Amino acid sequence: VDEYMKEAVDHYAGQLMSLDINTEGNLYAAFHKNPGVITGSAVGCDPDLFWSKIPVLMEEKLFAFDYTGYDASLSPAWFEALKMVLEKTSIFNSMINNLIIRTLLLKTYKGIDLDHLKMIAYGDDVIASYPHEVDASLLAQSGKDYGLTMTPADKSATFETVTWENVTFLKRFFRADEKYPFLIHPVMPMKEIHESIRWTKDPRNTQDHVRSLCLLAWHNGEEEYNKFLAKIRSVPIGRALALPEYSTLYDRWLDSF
């Protein structure tokens, strides 16, 4: 645990401090109740609503990257660090990520003020920002000194600038609604959804499983959604399900804000 990790610890800790958490488990409830740039976690968030808030919590320049074997590569130094924070699973990997980003930032650039780092992590996945454009390609270099193997965001061939158009968090894109632009749709690619379809070893789970897939799919738009429902209804097992009409999912969503 070097000097950089120490400042990461002090800074991250001091932050979680403002939350005034109960020292008597209760850490999990604090995080679940406060998904954002203070916990620096999204664990327990609700995409359908949280997506409209994220753009406001972020600084101007986004930056993200992929981890290769995030858990396996986690050296003991980090846990030691995590302990120091606590002294001062998803919720923990998220806390570790918060330590990594800070550490690598302090090690890759001079003049970094962590109070201006706005990031939200969910395990190894993270959406980050800073007032100035930061290079994940340079952060990746510093990562080697810690056994971390960082690569472009979303299995990208090269390291390119992260924008609100190409950025993804929890595998979802950010797309403003066409009718009300300030309501941000969490958009999971249809491909990812199709590859999630399962005929449960217990047929009874099928309905609720597909329901949860529909709650993700309709965010790709009425045409894609109905195309999706048509596929499911092309065979008997899919025709036996009760699938939400696009119209109602969208309307309920608008009324939920």
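Numbering starts at 1 and runs along the sequence shown.
Going from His116 to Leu117, you skip over nothing: the modelled chain follows the deposited sequence without a break. For the segment pair 155-163 and 125-133, the entry gives 155-163 the higher mean B-factor, averaged over Cα atoms. The PDB entry records a higher mean C-alpha B factor for 191-199 than for its counterpart among 191-199 and 55-63. Per the deposited coordinates, the residue with the largest Cα temperature factor out of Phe50, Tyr28, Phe228, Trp218 is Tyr28. Across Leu99, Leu74, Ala140, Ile112, the greatest Cα temperature factor reported in the deposited entry is at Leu74. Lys171 sits in the lowest third of its chain by CA B factor, as recorded in the PDB entry. Among all modelled residues in its chain, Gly147 ranks in the highest third by Cα B-factor. Looking at the C-alpha B-factors along this chain, the one for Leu106 belongs to the middle third. In this PDB entry, the Cα temperature factor of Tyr4 sits in the top third of its chain's modelled residues, the highest group. When the CA B factors of the chain's modelled residues are split into thirds, the value for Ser212 lands in the lowest one.
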